[PDB]
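Asker: What follows is target30.tsv, TSV, N, CA and C atoms.
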chain	number	residue	atom	x	y	z
A	1	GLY	N	0.77	-1.32	0.00
A	1	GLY	CA	0.00	0.00	0.00
A	1	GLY	C	0.75	1.29	0.00
A	2	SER	N	0.42	2.18	0.90
A	2	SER	CA	1.14	3.48	0.95
A	2	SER	C	0.80	4.30	-0.30
A	3	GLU	N	1.23	5.53	-0.35
A	3	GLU	CA	0.94	6.38	-1.54
A	3	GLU	C	1.53	5.73	-2.79
A	4	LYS	N	2.47	4.84	-2.62
A	4	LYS	CA	3.08	4.17	-3.81
A	4	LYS	C	2.03	3.30	-4.49
A	5	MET	N	1.52	2.31	-3.80
A	5	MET	CA	0.49	1.43	-4.41
A	5	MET	C	-0.76	2.26	-4.72
A	6	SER	N	-0.88	3.41	-4.12
A	6	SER	CA	-2.08	4.26	-4.38
A	6	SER	C	-1.90	4.99	-5.71
A	7	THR	N	-0.69	5.33	-6.06
A	7	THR	CA	-0.46	6.04	-7.35
A	7	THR	C	-0.35	5.01	-8.47
A	8	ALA	N	-0.11	3.77	-8.14
A	8	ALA	CA	0.00	2.73	-9.19
A	8	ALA	C	-1.40	2.21	-9.51
A	9	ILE	N	-2.21	2.03	-8.50
A	9	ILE	CA	-3.58	1.53	-8.74
A	9	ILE	C	-4.44	2.65	-9.32
A	10	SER	N	-4.16	3.88	-8.97
A	10	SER	CA	-4.96	5.01	-9.52
A	10	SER	C	-4.51	5.29	-10.95
A	11	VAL	N	-3.23	5.36	-11.17
A	11	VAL	CA	-2.73	5.63	-12.55
A	11	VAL	C	-3.19	4.49	-13.46
A	12	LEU	N	-3.38	3.32	-12.91
A	12	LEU	CA	-3.83	2.17	-13.75
A	12	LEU	C	-5.18	2.50	-14.39
A	13	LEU	N	-6.11	3.00	-13.61
A	13	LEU	CA	-7.45	3.34	-14.19
A	13	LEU	C	-7.31	4.58	-15.07
A	14	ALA	N	-6.50	5.52	-14.67
A	14	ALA	CA	-6.33	6.76	-15.48
A	14	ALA	C	-6.12	6.38	-16.95
A	15	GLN	N	-5.21	5.48	-17.22
A	15	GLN	CA	-4.96	5.07	-18.63
A	15	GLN	C	-6.16	4.29	-19.16
A	16	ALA	N	-6.64	3.34	-18.41
A	16	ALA	CA	-7.80	2.52	-18.86
A	16	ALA	C	-8.85	3.42	-19.52
A	17	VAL	N	-9.26	4.46	-18.85
A	17	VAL	CA	-10.29	5.37	-19.44
A	17	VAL	C	-9.62	6.37	-20.39
A	18	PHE	N	-8.35	6.63	-20.20
A	18	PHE	CA	-7.65	7.59	-21.09
A	18	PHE	C	-7.86	7.19	-22.55
A	19	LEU	N	-7.36	6.04	-22.93
A	19	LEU	CA	-7.53	5.58	-24.34
A	19	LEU	C	-9.02	5.44	-24.65
A	20	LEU	N	-9.82	5.12	-23.67
A	20	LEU	CA	-11.28	4.97	-23.91
A	20	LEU	C	-11.85	6.31	-24.40
A	21	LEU	N	-11.29	7.40	-23.95
A	21	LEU	CA	-11.80	8.73	-24.38
A	21	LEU	C	-11.23	9.07	-25.76
A	22	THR	N	-9.93	9.15	-25.87
A	22	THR	CA	-9.31	9.48	-27.18
A	22	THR	C	-9.96	8.65	-28.29
A	23	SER	N	-10.35	7.44	-27.99
A	23	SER	CA	-10.99	6.58	-29.03
A	23	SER	C	-12.42	7.05	-29.28
A	24	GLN	N	-13.17	7.27	-28.24
A	24	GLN	CA	-14.58	7.73	-28.42
A	24	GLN	C	-14.60	9.25	-28.61
A	25	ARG	N	-13.46	9.85	-28.81
A	25	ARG	CA	-13.41	11.33	-29.00
A	25	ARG	C	-12.50	11.66	-30.18
Can you turn what I pasted into structure tokens?
Answerer:
Amino acid sequence: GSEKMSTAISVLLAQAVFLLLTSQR
């Protein structure tokens, strides 16, 4: 955990939807 696993699990979704937008946009 810690802010480390928090920035890895959060950044993981950031990209997941990131490409989802550029594609639908």
Asker: May I ask for the distance between CA of residue 21 (chain A) and atom N of residue 4 (chain A), given in Å to one decimal place?
Answerer: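 These atoms are spaced 26.3 Å apart.
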Asker: Would you mind reading off the distance between CA of residue 1 (chain A) and CA of residue 20 (chain A), one decimal, in Å?
Answerer: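 Between CA of residue 1 (chain A) and CA of residue 20 (chain A) the gap works out to 26.9 Å.
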Asker: At what distance in Å, to one decimal, does atom N of residue 9 (chain A) lie from CA of residue 22 (chain A)?
Answerer: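 Interatomic distance here is 21.3 Å.
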Asker: Just region 1-22 of chain A, please, as a short mmCIF file (atom, residue, chain, number, x, y, z; two decimals), in the first residue's frame (only N, CA, C and O atoms).
Answerer:
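Result saved to out15.cif:
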data_model
loop_
_atom_site.label_atom_id
_atom_site.label_comp_id
_atom_site.auth_asym_id
_atom_site.auth_seq_id
_atom_site.Cartn_x
_atom_site.Cartn_y
_atom_site.Cartn_z
N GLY A 1 0.77 -1.32 0.00
CA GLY A 1 0.00 0.00 0.00
C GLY A 1 0.75 1.29 0.00
O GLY A 1 1.64 1.50 -0.81
N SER A 2 0.42 2.18 0.90
CA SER A 2 1.14 3.48 0.95
C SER A 2 0.80 4.30 -0.30
O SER A 2 0.16 3.82 -1.22
N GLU A 3 1.23 5.53 -0.35
CA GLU A 3 0.94 6.38 -1.54
C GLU A 3 1.53 5.73 -2.79
O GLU A 3 1.14 6.03 -3.90
N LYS A 4 2.47 4.84 -2.62
CA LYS A 4 3.08 4.17 -3.81
C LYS A 4 2.03 3.30 -4.49
O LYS A 4 1.68 3.51 -5.64
N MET A 5 1.52 2.31 -3.80
CA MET A 5 0.49 1.43 -4.41
C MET A 5 -0.76 2.26 -4.72
O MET A 5 -1.60 1.86 -5.50
N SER A 6 -0.88 3.41 -4.12
CA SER A 6 -2.08 4.26 -4.38
C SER A 6 -1.90 4.99 -5.71
O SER A 6 -2.86 5.22 -6.43
N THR A 7 -0.69 5.33 -6.06
CA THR A 7 -0.46 6.04 -7.35
C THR A 7 -0.35 5.01 -8.47
O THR A 7 -0.49 5.33 -9.64
N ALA A 8 -0.11 3.77 -8.14
CA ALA A 8 0.00 2.73 -9.19
C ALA A 8 -1.40 2.21 -9.51
O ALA A 8 -1.74 1.98 -10.65
N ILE A 9 -2.21 2.03 -8.50
CA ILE A 9 -3.58 1.53 -8.74
C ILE A 9 -4.44 2.65 -9.32
O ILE A 9 -5.35 2.42 -10.08
N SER A 10 -4.16 3.88 -8.97
CA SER A 10 -4.96 5.01 -9.52
C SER A 10 -4.51 5.29 -10.95
O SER A 10 -5.32 5.43 -11.84
N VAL A 11 -3.23 5.36 -11.17
CA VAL A 11 -2.73 5.63 -12.55
C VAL A 11 -3.19 4.49 -13.46
O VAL A 11 -3.36 4.66 -14.65
N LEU A 12 -3.38 3.32 -12.91
CA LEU A 12 -3.83 2.17 -13.75
C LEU A 12 -5.18 2.50 -14.39
O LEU A 12 -5.38 2.32 -15.57
N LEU A 13 -6.11 3.00 -13.61
CA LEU A 13 -7.45 3.34 -14.19
C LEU A 13 -7.31 4.58 -15.07
O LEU A 13 -7.93 4.68 -16.11
N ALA A 14 -6.50 5.52 -14.67
CA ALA A 14 -6.33 6.76 -15.48
C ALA A 14 -6.12 6.38 -16.95
O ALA A 14 -6.78 6.90 -17.83
N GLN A 15 -5.21 5.48 -17.22
CA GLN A 15 -4.96 5.07 -18.63
C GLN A 15 -6.16 4.29 -19.16
O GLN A 15 -6.65 4.53 -20.25
N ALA A 16 -6.64 3.34 -18.41
CA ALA A 16 -7.80 2.52 -18.86
C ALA A 16 -8.85 3.42 -19.52
O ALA A 16 -9.28 3.17 -20.63
N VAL A 17 -9.26 4.46 -18.85
CA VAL A 17 -10.29 5.37 -19.44
C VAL A 17 -9.62 6.37 -20.39
O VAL A 17 -10.24 6.91 -21.28
N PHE A 18 -8.35 6.63 -20.20
CA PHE A 18 -7.65 7.59 -21.09
C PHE A 18 -7.86 7.19 -22.55
O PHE A 18 -8.45 7.90 -23.33
N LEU A 19 -7.36 6.04 -22.93
CA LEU A 19 -7.53 5.58 -24.34
C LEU A 19 -9.02 5.44 -24.65
O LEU A 19 -9.45 5.62 -25.77
N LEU A 20 -9.82 5.12 -23.67
CA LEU A 20 -11.28 4.97 -23.91
C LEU A 20 -11.85 6.31 -24.40
O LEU A 20 -12.78 6.35 -25.17
N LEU A 21 -11.29 7.40 -23.95
CA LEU A 21 -11.80 8.73 -24.38
C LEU A 21 -11.23 9.07 -25.76
O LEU A 21 -11.95 9.26 -26.71
N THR A 22 -9.93 9.15 -25.87
CA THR A 22 -9.31 9.48 -27.18
C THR A 22 -9.96 8.65 -28.29
O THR A 22 -10.11 9.10 -29.41
#
